[PDB]
Structures are given as structure tokens and as C-alpha cells.
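K.L.:
A single structure is presented below for examination.
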Amino acid sequence: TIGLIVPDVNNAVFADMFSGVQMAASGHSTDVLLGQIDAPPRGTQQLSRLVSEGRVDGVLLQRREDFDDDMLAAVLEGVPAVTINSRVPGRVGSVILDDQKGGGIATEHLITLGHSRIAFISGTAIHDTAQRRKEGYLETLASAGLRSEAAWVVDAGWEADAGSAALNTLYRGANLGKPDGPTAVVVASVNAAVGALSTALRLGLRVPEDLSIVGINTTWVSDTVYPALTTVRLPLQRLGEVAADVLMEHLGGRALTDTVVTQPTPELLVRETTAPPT
Amino acid sequence: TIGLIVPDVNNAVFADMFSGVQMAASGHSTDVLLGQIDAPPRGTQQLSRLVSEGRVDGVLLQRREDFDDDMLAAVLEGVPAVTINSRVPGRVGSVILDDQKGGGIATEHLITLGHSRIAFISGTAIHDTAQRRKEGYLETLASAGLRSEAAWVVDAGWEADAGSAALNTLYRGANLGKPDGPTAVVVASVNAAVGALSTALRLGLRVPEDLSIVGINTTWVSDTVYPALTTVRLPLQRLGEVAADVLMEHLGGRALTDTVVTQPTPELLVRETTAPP
């Protein structure tokens with residue numbers, strides 16, 4: 001049996017990631033025990049108890065956006081563990097997505113539509129996955145001969161409320177959607193993107209006319225809402241299958257590895273929130 | 001270890017329910033195993049093997065929307081089990097929400113704003129939760145003393161794509177949002193309600209000006225979208241908390257019960273999707 005420890009089961013990547021974990025694990029007649037952890041302080045305790053005590057042979061951990069590298073390294077000391085959608089410095093055993101290429105594809109799509117001033121709403125400063133996606137965006141702008149500004153890049157979060165809050169901050173401080181501000185924003189995760197789209201609409205901005213929006217990752221929500229969010233689909237199911245496999249293989253005696261799921265490549269899903277600027 | 005068996009982790013109720021089941025289990029030194037089953041007989045083999053091989057001590061099962069009462073009985077025969085957000089006649093061990101009262105409260109609200117032609121997009125015909133909420137909406141139209149038609153009640157599903165399909169049908173078949181049509185629609189579950197909204201807007205109906213939408217249950221999605229969906233919040237965390245408790249008390253000897261979580265009461269959460277017609 002294996003443990004899947006997650007920040008919350010409402011998280012955007014959870015459903016596809018879980019189905020992958022479950023399919024691989026069941027394939028080997030191994031069950032998946034699900035656990036959910038709060039914010040630190042209680043967050044770290046639950047994890048120490050829930051990891052130490054262990055009715056599980058090993059652990060798949062999706063790191064919380066408020067857990068620093070320190071809080072994870074200490075807990076994972078001496079535990080067979082694979083981090084998923086995150087990699088902690090100074091240990092081995094992780095499976096991540098091709099985050100830089102995801103940020104790059106999102107950004108590139110906006111540059112091909114004619115946008116020059118493009119903002120980025122990231123996850124937290126703590127989350128290595130957010131920083132990779134930010135890098136992809138930064139490289140892409142640079143190679144295209146374009147500039148970003150400190151004011152156009154906000155560390156927010158994965159969820160709707162942080163996305164909303166960050167859009168508000170761009171709107172009020174950066175003239176996002178106004179006269180000389182950025183005309184498009186890339187959002188590091190799709191739920192934050194749904195929050196951003198909503199806030200742009202409540203503020204009175206036309207989407208896509210006044211502001212284009214691309215989210216990274218895709219859910220039924222991003223595909224359902226009106227206008228439907230243009231997104232970059234990442235292979236979440238594969239990510240869960242590979243991480244489950246790396247863990248189970250390590251329990252059979254193999255080395256833990258640190259890998260990047262690179263196939264399939266990220267898929268641009270052009271919906272209704274991206275157009276050329278005005 | 002106990003099993004939490006659900007049809008789709010994307011379900012509107014899953015998150016809150018699960019936090020409930022985890023609370024209960026955490027205090028009783030018990031782990032939760034998350035699982036799914038296919039249609040019987042496959043599913044019958046699955047659930048029994050889960051207990052027969054000692055993988056779980058007991059099961060909490062949310063019924064799939066394409067499971068009729070016969071199918072659920074099959075998989076549950078000879079299994080320590082408590083059904084969640086659903087109740088099978090012919091067996092004991094279930095914990096349901098105050099479903100009728102929640103469907104009425106959504107309808108109540110639409111009439112109070114001044115609506116007289118009110119639709120209902122249900123779950124599937126075979127889900128008991130969906131029918132119990134349909135009952136509340138009908139019973140409230142009769143308490144107020146108002147019209148209802150066969151064409152205004154459409155069976156659909158829990159999910160966005162079902163809600164959207166049902167809305168299209170109300171629009172083409174029942175003239176929804178037009179001179180003849182109903183001016184409002186209660187949607188049996190929130191994801192379907194987000195589907196209905198989206199399709200309403202695409203068509204070119206203004207919401208709430210041309211059509212008023214209320215959903216039952218509440219997620220970050222219904223609160224986040226624009227316009228935000230008016231919904232009626234049921235106490236999903238307690239339902240999870242209480243169901244897990246009944247199963248584990250039953251694993252220590254107690255009888256399986258059939259329970260309704262009647263407190264807290266359905267909370268009308270007014271947002272941007274409801275207005276006078």
C-alpha cells in the first residue's frame with residue numbers, strides 16, 4: 001500500500017493526477033491511502049505524524065504552496081517518498097512536469113497574437129513549480145526581444161482567490177487592461193486563472209478585447225465557463241502514473257530518481273480568452 | 001482502514017465530504033482508502049475483494065448517477081457499508097442531506113423575487129438525491145400555489161455538460177427566457193448549474209435580466225464565476241463526519257442506522273444570478 005499526501009483535494013491537478021496514481025497502483029494490486037494536510041504550524045505536525053506513523057510502505061507527496069524546502073526536507077528524512085509536481089533541493093525522488101515549456105507555450109501563443117506587454121501571475125515564491133513556469137515565460141519574452149517589469153510579475157498562488165487578488169493588483173498598479181499597461185496575462189495555474197478572469201470581468205474589462213488570459217493546466221471549469229479560458233494542457237495523469245511507478249520500483253529495491261514527464265508535450269487549447277490586442 | 005468509494009473525484013460534494021470523512025477517521029486512528037467501482041458484476045467482485053482480502057474494514061459509498069437501486073444493492077450485498085448522499089431502499093446504513101428542504105429554499109427564493117414560471121434541471125431520473133430535491137421544488141410550488149409543467153422539469157445530471165444539455169432543451173422546447181417561457185431555473189446540483197449559466201450566456205440570454213438561476217450546493221466555482229451563482233449550501237462536511245462515525249461505531253458493534261443531517265439548515269447564499277423577472 002502507498003500514501004498520497006495532498007494540500008487539498010480541490011486542487012486543479014488532483015483529479016487527473018489521482019486517476020494516474022490509482023491506475024498504476026491498482027495495476028500492481030497496491031492500494032492508495034489519501035491524506036490531506038493544513039497550513040503550518042498544524043500542517044507540519046499532521047505531516048510528521050502522518051508520515052512517521054505510517055500504515056504505508058511509501059508516500060507520494062504534492063507539496064503545499066506554503067511549505068518551504070526546509071519543512072519538507074526534515075519530514076521526508078528517512079521516508080520512502082516521491083514528491084509530485086514539485087522537487088525539493090538536497091534529496092532525490094521526484095516527478096515534475098515540463099514547467100518551463102508550459103510557461104513558454106502559454107507566452108508564445110500571446111506573442112504570436114501580437115501582444116508585447118504581457119504580465120505573469122505566478123504561484124507562491126516558495127513553489128518551485130511556479131518559478132519554473134515563470135522562467136519559461138521570462139525566457140520566451142527575452143528570446144522574442146520583449147521586456148517584462150517587476151510590476152508585471154506577481155507571486156500569488158494556485159487558487160482562485162490568489163489569482164483574483166493578483167489581477168486586482170495588476171489592474172490598480174500596472175494599468176493592466178488600461179492605456180499603456182500590459183494587454184495579456186499568463187497565469188501559472190488554472191484555478192487562479194479562473195479567479196483572474198472573473199475579476200477582470202467584474203472590473204469591467206472586456207475579455208479578450210481589453211485583456212487576453214492564458215492559464216496553465218486545464219479542467220472542466222476552464223472549459224465550461226464563459227468565455228472559456230485558453231489553457232495549456234499538461235500530462236497530469238502520466239505524472240501520477242510515473243510517480244507511483246518510481247515509488248513502487250524503489251520499494252522493490254531500485255534507486256529513487258528525479259524525472260521530468262516530457263511526453264506528451266504541452267498542448268495549447270485555444271478557447272475564447274485570447275485575441276490580438278486593441 | 002475504511003474505503004471511501006466515489007464515482008468521480010470531480011464531483012461537487014467530494015471535497016467537503018472528504019474533509020468530513022478525514023476528520024472522523026483522524027480522531028479514530030483510521031486511514032481512508034479512496035476507490036471507485038465499475039457497474040456490477042465487476043463492481044460486486046471489487047467491493048467484496050476489498051473486504052475479503054482485508055484491504056478495508058468498511059465502506060462509505062456515494063452512488064453513481066447511472067446506478068439504479070438494483071445495481072447498488074448488488075455491490076453492497078454482504079459488505080459493511082454506509083451509503084453517503086444517497087439511500088438504497090431495502091437496506092440499512094445511509095446518511096443523507098435535508099434534500100427536500102434545500103430544493104424548496106431555492107424555489108422559495110425565486111418566487112419571493114417574483115417568479116411564477118420556474119423550471120427544474122434535475123440530476124438523473126435514478127438518483128434518489130435528485131428526486132428528493134425535485135420533490136421539494138414541486139411541494140414549494142404547491143405551498144405557494146403556482147403552476148408547473150412537464151416540459152419545465154428536465155432530468156439531467158450532476159455535471160456541467162448535463163446542465164448545459166438540459167438548459168438547451170428548456171430553451172428550444174419550453175421557450176425558456178422568452179415571452180412564454182419560465183423566467184427562472186433551479187438546478188439540482190451546482191456543477192450542472194455552472195453548465196446552465198454558461199450555456200444561458202452563450203445563447204444570448206442575459207442573467208439575471210432574462211433568466212434567474214439557482215443551484216443546490218456550493219463550491220469555489222459557483223462563488224468565483226461572473227455572474228456568481230446563487231446557491232443553497234448543504235452541510236457536506238458534517239455528512240462526511242457523521243457517515244464515517246456511523247460506519248466506525250458499527251465496526252465496534254453498533255447497528256447501522258439511516259440518518260438525515262438536518263442541522264445546519266440549508267443556507268441561501270444570494271449572489272449575482274437571481275433577480276426579479
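Every number in this text was worked out from the coordinates using simple rules, so none of it is lab data. Cβ placement follows ideal geometry from the backbone for every residue including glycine, while neighbour counts extend to all protein chains displayed.
K.L.:
Would you mind counting up the charge near residue A:18? Only other residues with Cβ under 12 Å from its Cβ, with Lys and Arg at +1 and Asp and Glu at -1.
P.N.:
Local net charge: -3.
K.L.:
Using Cα atoms only, what is the angle between the long axis of helix B:42-52 and the major principal axis of chain B, expressed in degrees (0 to 90) to the nearest 10?
P.N.:
40 degrees
K.L.:
How much FRET efficiency would the formula 1/(1 + (r/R0)^6) give for residue A:91 and residue B:142, where r is the Cβ-Cβ distance and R0 is 56 Å, rounded to 0.05?
P.N.:
Efficiency, from the Cβ-Cβ distance: 0.30.
K.L.:
Among B:215, B:197, B:262, which residue has its Cα furthest toward the positive end of the charge dipole of the stretch B:190-274, with +1 on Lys/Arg Cβ and -1 on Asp/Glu Cβ?
P.N.:
Sorting the options by dipole projection puts first B:197.
K.L.:
Report the trypsin sites (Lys or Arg not before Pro) located in the stretch B:106-190 that are in a DSSP loop and have at most 16 other Cβ atoms inside 10 Å of their Cβ, or state none.
P.N.:
Counting only loop positions with at most 16 other Cβ atoms within 10 Å, the trypsin sites (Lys or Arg not before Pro) in the stretch B:106-190 are B:147.
K.L.:
Over all residues in B:9-16, what is the mean tally of Cβ atoms on other chains that come within 10 Å of each residue's Cβ?
P.N.:
Details: counts 10, 7, 1, 0, 0, 4, 6, 2.
Mean partner-chain Cβ count within 10 Å for B:9-16: 4.
K.L.:
Please report, in whole Å, how far the alpha carbons of the stretch A:1-155 spread along each principal axis, starting with the longest.
P.N.:
In descending order, the Cα extents are 54, 35, 27 Å.
K.L.:
What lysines does residue A:101 reach when the alpha-carbon gap must be under 28 Å and sequence neighbours fewer than 8 apart in one chain are set aside?
P.N.:
A:134
K.L.:
A follow-up question, please. Is there a simple number for the mean count of other chain Cβ atoms within 10 Å of the Cβ of residues in A:219-227, and what is it? Could you put the intermediate results ahead of the total?
P.N.:
Working: counts 2, 8, 9, 0, 3, 13, 10, 9, 3.
Per residue, the number of nearby Cβ atoms from other chains is 6 on average.
K.L.:
Could you work out how far helix A:190-202 tilts from the main Cα principal axis of chain A, as a 0 to 90 degree angle to the nearest 10?
P.N.:
The helix A:190-202 is inclined about 30 degrees to chain A.
K.L.:
Please report, in debye to the nearest 20, how large the charge dipole of chain A is about its Cα centre when each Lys and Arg carries +1 at its beta carbon and each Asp and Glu carries -1 there.
P.N.:
420 debye
K.L.:
So how strong a dipole does the stretch A:127-278 carry about its Cα centre when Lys and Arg Cβ are +1 and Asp and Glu Cβ are -1, to the nearest 20 debye?
P.N.:
300 debye
K.L.:
Mind jotting down the distance between the C-alpha centroids of the stretch A:13-27 and the stretch B:1-69, whole Å?
P.N.:
15 Å
K.L.:
Further, regarding this structure: Could you give the distance between the Cα centres of the stretch A:225-260 and the stretch B:124-173, to the whole Å?
P.N.:
40 Å
K.L.:
Please find, in a Gaussian network model of chain A (springs between Cα atoms separated by less than 10 Å), the residue of A:166, A:156, A:25 whose mean-square fluctuation is greatest.
P.N.:
Checking each option, the largest mean-square fluctuation is seen for A:25.
K.L.:
Continuing with this model, one more query. When you look at the Cβ of every residue in A:21-34, what mean number of other chain Cβ atoms sits within 10 Å?
P.N.:
Average neighbour count from other chains, rounded to a whole number: 3.
K.L.:
Return the Rg/Rh ratio of the stretch A:189-232 with Cα-based radii and a Kirkwood Rh.
P.N.:
Taking Rg over the Kirkwood Rh, I get 0.93.
K.L.:
What list of ³J(HN,Hα) couplings, whole Hz, do you get for the stretch B:171-188 from phi and the Karplus terms 6.51, -1.76, 1.60, once you set θ to phi - 60° and write x for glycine and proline?
P.N.:
Those phi angles translate into 6, 7, x, 9, 6, 4, x, 10, x, 6, x, x, 9, 8, 8, 8, 10, 4 Hz.
K.L.:
Counting other Cβ atoms within 10 Å, keep those with at most 16, restrict to DSSP loop, and tell me which GluC sites (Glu not before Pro) in the stretch A:170-278 are left.
P.N.:
Taking the stretch A:170-278 and a limit of 16 other Cβ atoms within 10 Å, the loop GluC sites (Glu not before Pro) found are A:209, A:272.
K.L.:
Let me ask you something else. Considering the dipole of chain B built from charges on the beta carbon (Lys and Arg +1, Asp and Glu -1) around the Cα centre, which of B:41, B:123, B:25 is farthest to its positive end?
P.N.:
So the residue furthest toward the plus end is B:123.
K.L.:
Charges only on Cβ, +1 for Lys and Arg, -1 for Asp and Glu: so what's the dipole of the stretch B:1-58 about the Cα centre, in debye to the nearest 20?
P.N.:
The dipole of the stretch B:1-58 has a size of about 140 debye.
K.L.:
Still on this structure, please answer the following. From the P(r) of the stretch B:148-277, could you give the percentage of C-alpha pairs in the tail past 25 Å?
P.N.:
34 percent
K.L.:
To continue, here is another question. Quick one: grab the alpha carbon gyration tensor of the stretch A:88-136, order the square roots of its eigenvalues as a ≥ b ≥ c, and give me rounded if a/c is under 1.5, else prolate or oblate depending on whether a/b is larger than b/c.
P.N.:
Details: a/c = 4.49, a/b = 2.19, b/c = 2.05.
Taking the square roots of the gyration eigenvalues as a ≥ b ≥ c, the stretch A:88-136 is prolate.
K.L.:
Separate question: Based on the Cα gyration tensor of the protein assembly as shown, what are the three equivalent ellipsoid semi-axes, each the root of five times an eigenvalue, rounded to whole Å and given largest first?
P.N.:
Whole-Å semi-axes of the equivalent ellipsoid: 37, 35, 18.
K.L.:
Return the sequence-ordered ³J(HN,Hα) values of the stretch A:205-222 in whole Hz as given by the Karplus equation 6.51 cos²θ - 1.76 cosθ + 1.60 applied to θ = phi - 60°, using x for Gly and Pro.
P.N.:
3J(HN,Hα) across the stretch A:205-222, in whole Hz: 6, 6, 10, x, 4, 7, 7, 8, 9, 10, x, 9, 6, 9, 9, 3, 4, 5.
K.L.:
Okay, moving on. Once amide H atoms are placed 1.01 Å from N in the peptide plane, what residues at a sequence separation of 5 or more from residue B:124, or on another chain, have their amide H within under 5 Å of its amide H?
P.N.:
Long-range HN contacts for residue B:124: B:156, B:157, B:158.
K.L.:
So what's the angle, to the nearest 10 degrees on a 0 to 90 scale, between helix A:14-27 and the longest Cα principal axis of chain A?
P.N.:
30 degrees
K.L.:
Whole-Hz ³J(HN,Hα) for each residue in the stretch A:223-238, computed from phi via Karplus 6.51 cos²θ - 1.76 cosθ + 1.60 with θ = phi - 60°, x for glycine and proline: what do you get?
P.N.:
Rounded to whole hertz, the list is 8, 9, 4, 10, x, 6, 5, 5, 9, 10, 7, 10, x, 5, 5, 4.
K.L.:
Among rounded, prolate and oblate, which fits chain A when a ≥ b ≥ c are the square roots of the eigenvalues of its C-alpha gyration tensor, a/c under 1.5 means rounded, and a/b larger than b/c means prolate?
P.N.:
prolate
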